[PDB]
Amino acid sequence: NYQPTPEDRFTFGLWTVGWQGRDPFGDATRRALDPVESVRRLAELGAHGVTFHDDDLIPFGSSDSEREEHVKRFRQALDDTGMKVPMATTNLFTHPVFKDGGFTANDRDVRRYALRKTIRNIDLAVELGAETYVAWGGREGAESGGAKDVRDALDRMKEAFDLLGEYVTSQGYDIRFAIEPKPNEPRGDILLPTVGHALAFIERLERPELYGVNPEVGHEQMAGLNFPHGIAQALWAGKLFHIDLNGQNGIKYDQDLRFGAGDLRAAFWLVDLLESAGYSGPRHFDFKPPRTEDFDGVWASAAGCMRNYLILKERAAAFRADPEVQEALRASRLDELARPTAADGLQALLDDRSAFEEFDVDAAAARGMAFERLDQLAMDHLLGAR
């Protein structure tokens, strides 16, 4: 029942199932996982692929020969399992050198080092077949007002992404970039804090067609925002290149619960939207099995991510296919929302006396929207109570 297959395109970061359970107040509760073992275990669960930061796969400061060894072992596990690598990213946050940022660090020599470390891993991602390269600027930001001039930092952020775009085009690489927003943590405030800020910034890059967003359920919810609404705006702009799925219980620290935990109805409306819109990218889980769990709990949590997606997919499809729901959607005038307000044009609107002079505002005000009956049909569908 609800069993994933690789055609469901479920992917996981190496850092997710491999999180050792170090949090700000506590030591690791689990041993390190060898990436090869994660690939094999995830393949057995029905995953389609894995993702990585450079430093997940190649220990920081590895020699060039150790580096090849690590990559070759990893390549063999991908070949043995059929697993793909659709996304890769750079760790620009763990090492102390990045304590004030990578691309927007105040120290210029750190910024140059951040760019070189990124470019090296873009080459590796292309060689492994990644289509999307994610940037999460977790250290770009500030705890205090005077520490970061945000206009200068946005100049430096645009400089860095423009150079990366020049690099991939000059190499002929078929890879796109996706910015992963997060509003805070580990910095007091992070630059480009939401999907909207990231989309707006992309429009000022030299080659905006190369850049999209990689939104994460829990991150938008850390600002109290509606995640399906943000995703709909990203889809509307043609910029949903990738997505991070997980769970979050409101405005607090980044929990990274398994997908379906946290705000369950928001998960339902997210799956409805992704499936209706024909999103065809990876269904990626950026999640942390809680540090209460041993390795059996890690794999149960990973399996639950995909199970919950597949249950919600079924319930959302049943909802949209239900004749009674389709009648309710017309009762609530969703059909009218999809029609142009004024395809007849400005001048026709200005001369149309039924739009103002003879508009019966009181009759229009009296029409109920029937949204509550519609929402309870959606609840009944989610719960399998019809």
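From 1 onward, residues are counted along the sequence shown.
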{"query": "Selected stretch [higher average CA B-factor]: 123-131 or 306-314", "finding": "123-131"}
{"query": "Of 269-277 and 169-177, the one with larger mean CA B-factor", "finding": "169-177"}
{"query": "Options 47, 334, 325, 346 - largest CA temperature factor per the record", "finding": "346"}
{"query": "Criterion, highest CA B-factor; candidates, 51, 341, 29, 65", "finding": "65"}
{"query": "Third of chain Cα B-factors occupied by residue 18", "finding": "middle"}
{"query": "Chain-relative CA temperature factor third for residue 377", "finding": "lowest"}
{"query": "Residue 93 by Cα B-factor - lowest, middle or highest third of the modelled chain", "finding": "middle"}
{"query": "Record-listed C-alpha B factor of residue 103: chain third", "finding": "middle"}
{"query": "Lowest, middle or highest third - CA B-factor, residue 294", "finding": "middle"}
